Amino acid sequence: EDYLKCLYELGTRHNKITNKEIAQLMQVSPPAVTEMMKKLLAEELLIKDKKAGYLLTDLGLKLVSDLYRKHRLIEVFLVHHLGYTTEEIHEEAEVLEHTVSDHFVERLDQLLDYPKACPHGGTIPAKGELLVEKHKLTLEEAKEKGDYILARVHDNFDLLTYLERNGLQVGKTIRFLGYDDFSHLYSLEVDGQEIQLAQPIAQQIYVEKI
């Protein structure tokens, strides 16, 4: 089931679905690929698309959406209220995230007064609603130059470490200096200083003109 989680992620790139990208980004061999996908298909969790490889059904998106909700509220609580840092969230986040009941999570929602986002720009779906991200415009995706706002980062620890090591906080203003067509590099002007971002990193940051 932990598989559904990766399916939705790559889905936000619009590529294809490889039984080779499955065994790879999950570190488990293809004898479990064919047996995971079958369970999924017969429990109406996904359908096979020729073009996209695999698509999640509404049932699957509601499932995956609930997962993100649980994960994002917990983030808010640990960051905002237990003063956890990126490193600390790296250690304990996912365990209690995988233990707390739906009840806990409902109540956490009230205690935090129904926050609309996690500290990283992520959007928090209502119970049993669907996950629709407020900020979807990756740096890569953006055409025009000028001053932008860093509105969301992928949640990954390695990424955050990267970003903080480099001074890019969700909410911080950022001026886009352009994508070099050969260099494969994006140029930013944050805090009056220049930074060079690779492609893989620029496709995991979401901005907004303003």
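Numbers follow the displayed sequence, beginning with 1.
Q: Which has the higher mean CA temperature factor in the PDB entry, 163 to 171 or 38 to 46?
A: Comparing 38 to 46 with 163 to 171, the higher average CA B-factor belongs to 38 to 46.
Q: Output the stretch having the higher mean C-alpha B factor in the entry; the candidates are 135 to 143 and 112 to 120.
A: Result of the comparison: 135 to 143.
Q: Determine, from the deposited record, the chain-internal third of the Cα B-factor for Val153: lowest, middle or highest.
A: Ranked within chain, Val153 CA B lands in the lowest tercile.
Q: Considering only modelled residues of the same chain, in which third does the CA B-factor of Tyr179 rank: lowest, middle or highest?
A: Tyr179: CA B-factor falls in the middle third of its chain.
Q: Lowest, middle or highest third: where is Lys62 by Cα B-factor in its chain?
A: Middle third - that is where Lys62 ends up once the chain's C-alpha B-factors are sorted.
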